[PDB]
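J.: This is the structure, below, for whatever I ask next.
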Amino acid sequence: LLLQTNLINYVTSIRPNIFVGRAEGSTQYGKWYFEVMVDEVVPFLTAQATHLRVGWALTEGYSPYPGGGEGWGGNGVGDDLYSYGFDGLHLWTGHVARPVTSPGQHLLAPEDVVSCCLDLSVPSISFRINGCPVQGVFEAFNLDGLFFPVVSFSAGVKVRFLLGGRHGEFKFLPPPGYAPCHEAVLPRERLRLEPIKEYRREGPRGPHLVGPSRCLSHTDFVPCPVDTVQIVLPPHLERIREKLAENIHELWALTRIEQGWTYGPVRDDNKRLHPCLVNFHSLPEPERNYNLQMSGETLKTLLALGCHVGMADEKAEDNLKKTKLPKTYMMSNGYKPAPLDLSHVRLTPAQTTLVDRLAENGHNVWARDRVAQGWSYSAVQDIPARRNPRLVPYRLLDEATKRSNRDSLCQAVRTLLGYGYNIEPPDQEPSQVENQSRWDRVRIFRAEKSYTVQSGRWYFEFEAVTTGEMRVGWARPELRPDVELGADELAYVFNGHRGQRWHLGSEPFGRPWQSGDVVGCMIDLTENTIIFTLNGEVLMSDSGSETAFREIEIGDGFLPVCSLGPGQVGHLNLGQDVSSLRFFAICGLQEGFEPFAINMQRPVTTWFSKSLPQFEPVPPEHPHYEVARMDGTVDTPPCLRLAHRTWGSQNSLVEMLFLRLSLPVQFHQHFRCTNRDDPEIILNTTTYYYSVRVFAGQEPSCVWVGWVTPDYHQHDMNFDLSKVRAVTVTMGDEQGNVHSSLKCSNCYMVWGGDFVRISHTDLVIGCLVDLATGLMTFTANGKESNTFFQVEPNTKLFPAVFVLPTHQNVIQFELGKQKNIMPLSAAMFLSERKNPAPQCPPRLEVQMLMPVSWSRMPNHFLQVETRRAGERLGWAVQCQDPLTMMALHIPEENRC
Amino acid sequence: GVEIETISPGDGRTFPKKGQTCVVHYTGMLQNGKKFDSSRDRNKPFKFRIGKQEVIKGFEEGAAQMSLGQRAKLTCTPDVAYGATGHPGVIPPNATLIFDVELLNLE
Amino acid sequence: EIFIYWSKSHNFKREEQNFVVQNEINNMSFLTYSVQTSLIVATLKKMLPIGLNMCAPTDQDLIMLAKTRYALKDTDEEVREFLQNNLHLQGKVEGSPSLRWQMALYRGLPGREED
């Protein structure tokens with residue numbers, strides 16, 4: 001009942017920028033192997049034991065924000081269902097440690113070599129320690145997102161990543177069929193060790209705030225071209241079917257003539273003397289007409305894209321000629337340009353964009369075909385192993401190969417343009433790659449509410465390290481963390497991507513910044529005005545006013561606020577040291593303004609918008625959702641009914657709603673195996689019950705009813721029971737025979753569509769838990785379902801319903817009892833363990849999932865050092881100065 | 001009653017005979033995973049003479065199997081721990097304790 | 001000097017309003033009708049920080065006192081001795097905290113020599 005506190009170490013995580021995944025028709029191999037060599041570990045640098053785990057993690061939810069978190073903080077590899085870790089004695093996942101037998105087990109000590117494997121084919125994550133198999137395997141886990149290696153550690157460790165090849169030597173042969181992890185660096189990046197998602201990095205002059213980063217989704221490795229089959233070939237294309245083919249029959253041959261690759265009558269193409277500029281008649285017939293119909297195929301891509309041709313001017317055939325250059329002279333049947341010659345011809349930007357996507361659709365058809373023949377990607381080419389360094393979608397290819405591909409089709413479209421046939425751009429359709437997660441877009445860093453200013457004249461600077469979408473300005477204390485700055489009335493901010501004011505909307509105001517610009521924001525609360533300066537020059541509106549905003553009411557106060565978009569960095573200088581402020585004196589000093597932090601001896605504490613979905617109580621004043629705490633008549637048990645206020649109205653917000661009741665039911669620490677009520681059964685029972693009434697009108701296929709563990713942070717606006725986290729930790733003997741197959745998750749739910757012709761009767765889904773067996777059961781409408789769950793001892797499980805509203809009467813929690821099954825209130829409250837009368841005390845209240853919440857930024861962060869130790873030593877990690885935190889633990893929610 | 005699980009091996013040669021004080025730094029937790037004590041927070045190693053029954057029982061068959069420098073984890077059942085009465089205000093009745101014990105020096 | 005002659009004359013202001021009305025000067029594109037947009041006051045507004053730069057923050061107090069002097073329309077020449085008679089005006093950088101950070105910047109300026 002009383003908030004518990006303790007001192008806990010800070011824990012961080014480091015990964016290579018190697019991401020591997022699996023999907024239908026993905027260009028990625030599915031068998032990966034990496035090692036970590038432990039060099040030094042101080043077992044107890046603080047009171048709390050030193051943290052060190054290795055493992056794999058997922059790119060769609062493994063975000064270990066420094067500081068608090070699940071349980072007692074110190075979240076590393078294995079403190080959620082997105083990471084899979086190992087510490088030498090235990091296998092960690094879902095914040096549960098499960099002992100694993102290894103031959104000589106012990107915590108990770110100096111001179112230890114941990115070999116982690118991922119076969120994403122079954123999905124599995126094996127391990128070895130010092131070359132000895134670790135008898136325990138994660139399996140059957142979620143395969144969305146991308147997997148990267150990761151080590152979690154507190155201060156006082158030194159480790160070394162071994163990625164094979166020139167980044168390590170593995171000390172141990174990878175088990176057969178596995179690929180070293182250095183073969184997954186994409187052709188545009190360099191192998192390096194980086195922290196997981198971060199909101200802060202150290203900078204030259206001071207800390208650099210960092211906005212969200214864009215990680216590759218597993219569907220960015222599948223090449224998805226435009227189908228080029230269902231295209232009837234037009235007359236105007238077959239009319240030009242030849243020259244556009246003749247000009248790409250030896251165009252690749254033109255570059256190397258009169259060089260070491262100079263043709264010879266004895267040989268032909270592909271004989272280190274390739275050119276053979278004579279004609280394609282001398283060349284083999286199948287590849288010949290294949291080249292003709294490949295020129296046609298490029299034109300077919302032009303058709304499917306939306307390119308059409310039209311002839312206007314003088315026929316280029318007349319005013320074009322073939323040039324027998326002194327270069328490219330050959331003895332085999334005369335000399336000529338290897339492709340078909342062309343005179344002065346130009347290309348408009350429409351053709352540039354068109355040839356870019358035209359080359360993309362060539363690469364992506366080629367890659368698709370190669371994958372369909374089994375091939376995959378590898379930064380080192382292995383032909384007999386059928387792996388290529390270029391099996392990636394065009395967007396991920398390197399600029400050298402992009403250009404090399406673009407050259408050929410640029411020549412083709414150039415030859416087409418010479419003949420005067422129009423290259424018609426297609427229609428333009430604006431599309432967004434990712435739309436659901438609108439919240440994983442913007443990070444808002446504000447000063448603490450304790451610094452709110454209600455008077456005086458204040459100043460602070462913000463350096464735009466990357467010209468992008470960032471907003472800087474002043475903000476009232478009760479700033480919502482989930483609205484863009486200035487959209488509401490709680491912020492007066494400046495957006496620099498294109499110069500815009502923001503308060504209750506947008507107005508064009510000022511220049512756009514470039515990289516390195518310093519925006520000095522200042523407020524005069526005597527005149528009630530806000531001024532922005534860009535590099536010491538005041539920004540002026542078009543009307544001529546020198547104040548961005550005027551007539552601002554002082555109100556409760558104002559705070560410095562900053563908003564960094566995806567991939568955006570910035571430096572917020574509140575001015576604790578005046579000399580640091582670069583453009584203060586030029587504009588801001590003589591006018592009377594003071595730096596915001598002028599004697600904040602300790603640097604100003606800041607809070608950021610933490611995009612981790614927490615469950616929070618439904619606000620009593622909410623524009624859309626209302627909760628009625630209906631009491632209990634004789635026929636009806638106590639309820640908590642959810643109603644949608646604005647259904648049918650114009651401003652209706654219809655979206656997935658993740659509801660849960662505030663208090664959990666805890667399972668017994670030891671399990672038993674190793675109408676009117678019978679008083680002795682009801683008093684000696686451990687089965688508990690609660691139902692949910694899905695009212696008529698609310699479609700039963702849009703409701704999921706059940707339980708959630710206290711670590712459900714998944715605000716997924718497209719929910720289904722295949723998007724719930726899952727894993728299967730399997731413990732076996734020396735031979736591999738299983739001894740345990742524990743199945744873990746965080747959402748134990750049933751879909752109302754399993755239970756459901758016309759819908760006018762409500763659906764009463766009942767849920768039962770046996771707290772001394774660990775077994776969970778559901779009843780559809782009286783009939784027993786076929787979904788049973790088993791949960792290990794001592795777990796917590798909140799009641800929960802996930803519903804997409806389809807009626808203004810959505811659902812209704814019902815805290816009743818069956819015959820010889822106690823109600824929830826008996827399980828939830830200790831005082832009621834023997835009371836069989838259903839209750840609904842004021843602590844039981846429906847909570848909903850909020851996408852974003854404010855969170856403190858730590859004053860001091862861990863100092864990790866990474867360096868490529870050598871070609872054979874591999875990448876090294878080293879943290880040695882300790883950091884602690886005085887935690888505060890909310891016991892019912894199991895969070896810190 | 002007490003289940004010793006080695007976390008990091010010590011010497012496996014010198015074991016605490018009766019009458020040798022044992023210096024052990026430790027941390028203790030209810031089986032549900034909550035902490036009631038650590039010596040590392042106080043910052044001083046805890047010394048006890050084995051054979052004088054100052055410590056709870058399981059803590060006394062338990063730190064006897066350990067060797068010098070070893071770090072292990074003991075799981076004392078209430079029979080070989082406080083038991084049905086408890087340590088009022090610290091340990092609830094009928095409780096099993098888990099101790100991360102590091103036997104630092106003997107005497 | 002131009003500005004004090006600006007304020008000390010009245011018909012001159014009307015003639016300025018004349019010039020702006022018969023000559024249709026935008027008075028805005030120049031800067032980027034009312035006396036607010038007078039180029040005299042606009043130029044002095046833009047040139048003011050340079051002037052204030054010489055006056056150290058420790059002289060900010062004298063100024064507040066001299067505000068009274070020009071309020072009662074005291075003689076321009078005698079303000080000199082109004083300021084040598086009222087000489088103990090400059091305060092203490094240690095005794096006044098805000099000055100502890102203003103005087104630092106003023107002390108740091110390479111063009112601002114204490115000599």
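By convention here, the chains of the structure tokens are called A, B, ... in the order presented, each chain's residues are numbered starting at 1, and ligands are numbered starting at 1 in the order presented.
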Can you pull out every residue within 12 Å of residue 87 (chain B), counting only C-alpha atoms, but drop anything in the same chain fewer than 4 positions away, and send it as a list in words?

T.: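 Final neighbour list, sorted by chain and number: residues 36, 56, 78, 81, 82, 83, 91, 92, 93, 94, 95 and 97 of chain B.
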
J.: At a cut-off of 10 Å, which residues of chain A touch chain C? Count only C-alpha atoms and give the answer as an NGL selection string.

T.: :A and (540-546 or 577-579 or 585-591 or 594 or 598-599)

J.: Grab the CA of residue 422 (chain A) to CA of residue 225 (chain A) distance for me, in Å with one decimal place.

T.: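 Between CA of residue 422 (chain A) and CA of residue 225 (chain A) the gap is 23.6 Å.
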
J.: Could you tell me how far CA of residue 823 (chain A) lies from CA of residue 838 (chain A), in Å and to one decimal?

T.: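 Answer for the CA of residue 823 (chain A) to CA of residue 838 (chain A) separation: 5.7 Å.
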
J.: Can you tell me, as a PyMOL selection string, what residues are no more than 12 Å from region 73-85 of chain C when counting only C-alpha atoms, ignoring any on the same chain fewer than 2 positions away?

T.: chain C and resi 1+4+8+59+61-71+87-90

J.: With C-alpha atoms retained, could you export that selection as a PDB file, in the first residue's frame?

T.:
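Below you can see selection_2.pdb, which holds the result:
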ATOM      1  CA  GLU C   1      21.355  65.288 -31.026  1.00  0.00           C
ATOM      2  CA  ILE C   4      16.561  65.698 -28.966  1.00  0.00           C
ATOM      3  CA  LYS C   8      12.189  69.751 -28.592  1.00  0.00           C
ATOM      4  CA  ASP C  59      26.028  53.425 -14.720  1.00  0.00           C
ATOM      5  CA  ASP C  61      21.616  53.749 -11.748  1.00  0.00           C
ATOM      6  CA  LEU C  62      22.958  57.234 -12.557  1.00  0.00           C
ATOM      7  CA  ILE C  63      20.723  57.162 -15.617  1.00  0.00           C
ATOM      8  CA  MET C  64      17.633  56.443 -13.522  1.00  0.00           C
ATOM      9  CA  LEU C  65      18.530  59.514 -11.466  1.00  0.00           C
ATOM     10  CA  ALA C  66      19.226  61.627 -14.530  1.00  0.00           C
ATOM     11  CA  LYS C  67      15.733  60.684 -15.711  1.00  0.00           C
ATOM     12  CA  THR C  68      14.435  63.059 -13.066  1.00  0.00           C
ATOM     13  CA  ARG C  69      16.861  65.765 -14.186  1.00  0.00           C
ATOM     14  CA  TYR C  70      15.490  65.971 -17.722  1.00  0.00           C
ATOM     15  CA  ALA C  71      11.946  65.550 -16.389  1.00  0.00           C
ATOM     16  CA  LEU C  87      28.806  61.370  -7.841  1.00  0.00           C
ATOM     17  CA  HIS C  88      28.250  58.505  -5.366  1.00  0.00           C
ATOM     18  CA  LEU C  89      25.784  56.756  -7.621  1.00  0.00           C
ATOM     19  CA  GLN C  90      27.608  53.707  -9.014  1.00  0.00           C
TER      20      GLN C  90
END

J.: Quick one: residues within 6 Å of region 33-48 of chain A, only C-alpha atoms, excluding same-chain residues fewer than 5 positions away - as a PyMOL selection string?

T.: (chain A and resi 110-117+156-163+179-181) or (chain B and resi 40-41)

J.: If you count only C-alpha atoms, which residues fall within 9 Å of residue 721 (chain A), apart from same-chain ones fewer than 2 positions away, as a PDB file with C-alpha atoms, in the first residue's frame?

T.:
ATOM      1  CA  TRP A 704     -11.251  -8.294 -26.956  1.00  0.00           C
ATOM      2  CA  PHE A 719      -5.292  -4.767 -32.853  1.00  0.00           C
ATOM      3  CA  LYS A 723      -0.206  -8.829 -32.338  1.00  0.00           C
ATOM      4  CA  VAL A 724       0.026  -9.851 -28.694  1.00  0.00           C
ATOM      5  CA  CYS A 747      -2.201 -10.091 -23.089  1.00  0.00           C
ATOM      6  CA  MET A 749      -7.573 -12.277 -24.223  1.00  0.00           C
ATOM      7  CA  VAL A 750     -10.411 -13.633 -26.325  1.00  0.00           C
ATOM      8  CA  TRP A 751     -11.995 -12.043 -29.373  1.00  0.00           C
TER       9      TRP A 751
END

J.: Set the distance at 12 Å and use only C-alpha atoms: which residues neighbour residue 64 (chain B) once local chain neighbours fewer than 5 positions away are removed? I'd like the list as a PDB file with N, CA, C and O atoms, in the first residue's frame.

T.:
ATOM      1  N   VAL B   2      17.313 -25.569   3.225  1.00  0.00           N
ATOM      2  CA  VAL B   2      18.031 -24.508   2.535  1.00  0.00           C
ATOM      3  C   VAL B   2      18.595 -25.062   1.238  1.00  0.00           C
ATOM      4  O   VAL B   2      19.159 -26.162   1.209  1.00  0.00           O
ATOM      5  N   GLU B   3      18.420 -24.313   0.156  1.00  0.00           N
ATOM      6  CA  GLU B   3      18.835 -24.719  -1.183  1.00  0.00           C
ATOM      7  C   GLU B   3      19.935 -23.778  -1.647  1.00  0.00           C
ATOM      8  O   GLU B   3      19.670 -22.613  -1.952  1.00  0.00           O
ATOM      9  N   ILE B   4      21.155 -24.279  -1.716  1.00  0.00           N
ATOM     10  CA  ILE B   4      22.287 -23.467  -2.144  1.00  0.00           C
ATOM     11  C   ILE B   4      22.465 -23.586  -3.652  1.00  0.00           C
ATOM     12  O   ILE B   4      22.456 -24.687  -4.217  1.00  0.00           O
ATOM     13  N   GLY B  12      36.321 -23.744  -3.171  1.00  0.00           N
ATOM     14  CA  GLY B  12      35.898 -25.124  -3.120  1.00  0.00           C
ATOM     15  C   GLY B  12      36.816 -25.987  -2.282  1.00  0.00           C
ATOM     16  O   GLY B  12      36.758 -27.217  -2.361  1.00  0.00           O
ATOM     17  N   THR B  14      38.456 -24.533   1.225  1.00  0.00           N
ATOM     18  CA  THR B  14      38.326 -24.168   2.631  1.00  0.00           C
ATOM     19  C   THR B  14      36.863 -23.891   2.926  1.00  0.00           C
ATOM     20  O   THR B  14      36.263 -22.991   2.334  1.00  0.00           O
ATOM     21  N   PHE B  15      36.298 -24.649   3.842  1.00  0.00           N
ATOM     22  CA  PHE B  15      34.933 -24.453   4.276  1.00  0.00           C
ATOM     23  C   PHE B  15      34.921 -24.016   5.727  1.00  0.00           C
ATOM     24  O   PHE B  15      35.829 -24.350   6.492  1.00  0.00           O
ATOM     25  N   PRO B  16      33.919 -23.244   6.139  1.00  0.00           N
ATOM     26  CA  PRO B  16      33.879 -22.775   7.530  1.00  0.00           C
ATOM     27  C   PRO B  16      33.635 -23.930   8.486  1.00  0.00           C
ATOM     28  O   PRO B  16      32.538 -24.488   8.538  1.00  0.00           O
ATOM     29  N   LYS B  17      34.665 -24.283   9.247  1.00  0.00           N
ATOM     30  CA  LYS B  17      34.524 -25.242  10.328  1.00  0.00           C
ATOM     31  C   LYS B  17      33.771 -24.598  11.480  1.00  0.00           C
ATOM     32  O   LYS B  17      33.503 -23.396  11.479  1.00  0.00           O
ATOM     33  N   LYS B  18      33.348 -25.325  12.489  1.00  0.00           N
ATOM     34  CA  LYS B  18      32.709 -24.639  13.607  1.00  0.00           C
ATOM     35  C   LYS B  18      33.676 -23.660  14.173  1.00  0.00           C
ATOM     36  O   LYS B  18      34.876 -23.818  14.074  1.00  0.00           O
ATOM     37  N   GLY B  19      33.166 -22.652  14.814  1.00  0.00           N
ATOM     38  CA  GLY B  19      34.040 -21.720  15.444  1.00  0.00           C
ATOM     39  C   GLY B  19      35.014 -20.910  14.667  1.00  0.00           C
ATOM     40  O   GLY B  19      36.111 -20.660  15.129  1.00  0.00           O
ATOM     41  N   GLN B  20      34.649 -20.496  13.483  1.00  0.00           N
ATOM     42  CA  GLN B  20      35.482 -19.612  12.741  1.00  0.00           C
ATOM     43  C   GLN B  20      34.444 -18.607  12.427  1.00  0.00           C
ATOM     44  O   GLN B  20      33.373 -18.967  11.997  1.00  0.00           O
ATOM     45  N   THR B  21      34.731 -17.349  12.660  1.00  0.00           N
ATOM     46  CA  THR B  21      33.806 -16.319  12.309  1.00  0.00           C
ATOM     47  C   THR B  21      33.710 -16.252  10.821  1.00  0.00           C
ATOM     48  O   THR B  21      34.660 -16.558  10.133  1.00  0.00           O
ATOM     49  N   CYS B  22      32.557 -15.904  10.296  1.00  0.00           N
ATOM     50  CA  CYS B  22      32.373 -15.857   8.899  1.00  0.00           C
ATOM     51  C   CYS B  22      32.060 -14.452   8.540  1.00  0.00           C
ATOM     52  O   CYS B  22      31.135 -13.907   9.093  1.00  0.00           O
ATOM     53  N   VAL B  24      30.467 -12.216   5.782  1.00  0.00           N
ATOM     54  CA  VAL B  24      29.699 -12.399   4.620  1.00  0.00           C
ATOM     55  C   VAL B  24      28.989 -11.125   4.303  1.00  0.00           C
ATOM     56  O   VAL B  24      28.442 -10.527   5.195  1.00  0.00           O
ATOM     57  N   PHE B  48      29.616 -13.590  11.868  1.00  0.00           N
ATOM     58  CA  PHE B  48      28.934 -14.425  12.843  1.00  0.00           C
ATOM     59  C   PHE B  48      29.741 -15.685  13.080  1.00  0.00           C
ATOM     60  O   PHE B  48      30.350 -16.221  12.155  1.00  0.00           O
ATOM     61  N   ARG B  49      29.752 -16.137  14.326  1.00  0.00           N
ATOM     62  CA  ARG B  49      30.420 -17.374  14.697  1.00  0.00           C
ATOM     63  C   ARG B  49      29.500 -18.540  14.389  1.00  0.00           C
ATOM     64  O   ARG B  49      28.395 -18.622  14.932  1.00  0.00           O
ATOM     65  N   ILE B  50      29.939 -19.433  13.519  1.00  0.00           N
ATOM     66  CA  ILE B  50      29.130 -20.594  13.189  1.00  0.00           C
ATOM     67  C   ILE B  50      29.215 -21.590  14.338  1.00  0.00           C
ATOM     68  O   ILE B  50      30.306 -21.935  14.803  1.00  0.00           O
ATOM     69  N   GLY B  51      28.059 -22.025  14.821  1.00  0.00           N
ATOM     70  CA  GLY B  51      27.974 -22.905  15.972  1.00  0.00           C
ATOM     71  C   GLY B  51      27.410 -22.263  17.218  1.00  0.00           C
ATOM     72  O   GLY B  51      27.149 -22.978  18.194  1.00  0.00           O
ATOM     73  N   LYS B  57      18.581 -20.675  11.202  1.00  0.00           N
ATOM     74  CA  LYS B  57      19.132 -22.005  10.950  1.00  0.00           C
ATOM     75  C   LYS B  57      19.597 -22.160   9.505  1.00  0.00           C
ATOM     76  O   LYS B  57      20.788 -22.371   9.242  1.00  0.00           O
ATOM     77  N   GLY B  58      18.674 -22.036   8.551  1.00  0.00           N
ATOM     78  CA  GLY B  58      19.045 -22.189   7.154  1.00  0.00           C
ATOM     79  C   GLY B  58      20.221 -21.324   6.758  1.00  0.00           C
ATOM     80  O   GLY B  58      21.031 -21.716   5.915  1.00  0.00           O
ATOM     81  N   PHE B  59      20.354 -20.157   7.379  1.00  0.00           N
ATOM     82  CA  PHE B  59      21.524 -19.329   7.145  1.00  0.00           C
ATOM     83  C   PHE B  59      22.780 -19.964   7.728  1.00  0.00           C
ATOM     84  O   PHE B  59      23.881 -19.478   7.456  1.00  0.00           O
ATOM     85  N   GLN B  70      33.303 -17.725  -2.433  1.00  0.00           N
ATOM     86  CA  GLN B  70      32.171 -18.133  -3.241  1.00  0.00           C
ATOM     87  C   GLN B  70      31.013 -17.164  -3.061  1.00  0.00           C
ATOM     88  O   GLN B  70      30.829 -16.563  -2.004  1.00  0.00           O
ATOM     89  N   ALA B  72      26.854 -17.309  -3.643  1.00  0.00           N
ATOM     90  CA  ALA B  72      25.779 -18.252  -3.885  1.00  0.00           C
ATOM     91  C   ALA B  72      24.467 -17.630  -3.448  1.00  0.00           C
ATOM     92  O   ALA B  72      24.420 -16.505  -2.949  1.00  0.00           O
ATOM     93  N   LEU B  74      20.952 -18.650  -1.277  1.00  0.00           N
ATOM     94  CA  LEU B  74      20.277 -19.564  -0.370  1.00  0.00           C
ATOM     95  C   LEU B  74      18.782 -19.300  -0.395  1.00  0.00           C
ATOM     96  O   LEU B  74      18.352 -18.154  -0.515  1.00  0.00           O
ATOM     97  N   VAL B 101      24.510 -14.426  -0.873  1.00  0.00           N
ATOM     98  CA  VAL B 101      25.548 -14.414   0.147  1.00  0.00           C
ATOM     99  C   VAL B 101      26.900 -14.603  -0.514  1.00  0.00           C
ATOM    100  O   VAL B 101      27.081 -15.521  -1.322  1.00  0.00           O
ATOM    101  N   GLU B 102      27.845 -13.741  -0.164  1.00  0.00           N
ATOM    102  CA  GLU B 102      29.223 -13.827  -0.628  1.00  0.00           C
ATOM    103  C   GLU B 102      30.113 -14.002   0.592  1.00  0.00           C
ATOM    104  O   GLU B 102      30.294 -13.062   1.369  1.00  0.00           O
ATOM    105  N   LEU B 103      30.674 -15.193   0.763  1.00  0.00           N
ATOM    106  CA  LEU B 103      31.513 -15.464   1.925  1.00  0.00           C
ATOM    107  C   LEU B 103      32.867 -14.823   1.686  1.00  0.00           C
ATOM    108  O   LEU B 103      33.725 -15.387   1.007  1.00  0.00           O
ATOM    109  N   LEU B 106      37.199 -15.967   6.172  1.00  0.00           N
ATOM    110  CA  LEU B 106      36.859 -16.830   7.296  1.00  0.00           C
ATOM    111  C   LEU B 106      37.680 -16.315   8.462  1.00  0.00           C
ATOM    112  O   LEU B 106      38.901 -16.332   8.383  1.00  0.00           O
TER     113      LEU B 106
END

J.: Please identify all residues of chain A having at least one atom at most 9 Å from any atom of chain B, considering only C-alpha atoms, and return them as a list in words.

T.: residues 46, 47, 48, 89, 105, 106, 107, 108, 109, 669 and 794 of chain A

J.: Which residues are close to region 609-623 of chain A, i.e. within 7 Å by only C-alpha atoms, leaving aside same-chain residues fewer than 2 positions away? Reply as a VMD selection string.

T.: chain A and resid 439 to 440 443 to 445 481 607 625 to 626 713 to 715 846 to 855

J.: Mind listing the strand (DSSP E or B) residues of region 384-474 of chain A, per DSSP on the backbone, as a PyMOL selection string?

T.: chain A and resi 387-388+443-447+453+457-464+470-474

J.: Identify which of the residues B:55, B:23, B:98, B:30 lies closest to residue 73 (chain B), counting only C-alpha atoms when measuring atom-to-atom distances.

T.: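 Residue with the minimum atom-to-atom distance to residue 73 (chain B): B:98.
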
J.: CA of residue 334 (chain A) and CA of residue 259 (chain A), how far apart in Å?

T.: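 About the pair CA of residue 259 (chain A) and CA of residue 334 (chain A): they are 17.7 Å apart.
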